[PDB]
């Protein structure tokens, strides 16, 4: 057990349980699989379902998380409605229910997340062939969403789970099968619905989000680019928590922000004389410059297949959303020629 640290702790709002407890006279809690701001996920044995091992996501007993979970539920319903055979690469929901205020969602039991595998492997990056397969699947998965007028908005390695994270050793861990699925549709959004102003986890937030110019499907593609990169080098592309620094970092890695965007943003405070307001010759300046570099310098190799990866990444991190690569285009990219046939 852990120490609460404030009047409003993540520790609050959870459902108490102990291994061996049953829910709805049906799910036997076997073990806890993880915790997130939303709640906990627990491994259960489903007894109205053969003994099948499932992943139960138990949501906090709080209005905001419960709202998000009701929204997540019908996003999952509309997913099963458009892909009965689970060929779409989004996680399969079995059932859901309110449990004394805690929304509960049952999913097929998967493996470790692509983040947690990495972390548990000392942030040693995935080999390129594995990055290719993973990236490919991630694009299919999210294109499916995009086709049905959805935007996930919170794509990140923790929300991409290996179907099975069994691995081999060498002193280094290597996953046996890079089959993956996309999870967490709590923030997912249809085109007709209200859009939150701020929408992604910092490291995967797209510039149009930062500058509140509006967002839609393209901001996912930005997230995807940032993930592919992370998979390839093993650390986040934008390690920052401040808007101005984040923008400073983009500029350095990607080149300058288009004035159209600078001019149109209500977030005018980060700009002076028409450019980003950021002195490179301060300590903050020194920090960004010392801690990141132009995108193409992160290449491990000179081989073509590596350069092809970075062309893909480079297109996904296009500043201007309308010019940014779509995921349809993404699946046609040279980098993926092997995996298509």
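Positions refer to the first chain, counted from 1. In this text, the rigid core denotes the largest set of C-alpha atoms whose superposition between the two forms falls within 1.5 Å.
Annotation: of the segments 150-158 and 94-102, 94-102 departs further from this form in 4 other deposited structures of this protein (C-alpha atoms, root mean square over structures and residues, core superposition). Superposing on the core and measuring CA offsets in 4 other deposited structures of this protein, the stretch of 17-25 and 320-328 with the greater mean deviation is 17-25.
Count the deposited residues lacking coordinates between residue 197 and residue 198 and you get none at all. 11-19 and 324-332 differ in mean CA B-factor, and the higher of the two is recorded for 324-332. If you average the C-alpha B-factors over 71-79 and over 112-120, the higher value belongs to 71-79. The residue among 273, 57, 48, 293 whose C-alpha carries the highest B-factor in the deposited model is 48.
You'll see in the entry that, of 245, 230, 251, 98, the Cα B factor peaks at 98. When the modelled residues of the chain are ordered by their C-alpha B factor, residue 84 lands in the highest third. Ranked by C-alpha B-factor against the other modelled residues of its chain, residue 174 falls in the highest third. Ranked within its chain, residue 160 lands in the lowest third, by CA B factor from the PDB record. Looking at the C-alpha B-factors along this chain, the one for residue 204 belongs to the lowest third. The entry lists a Cα temperature factor for residue 181 that places it in the middle third of the chain's modelled residues.
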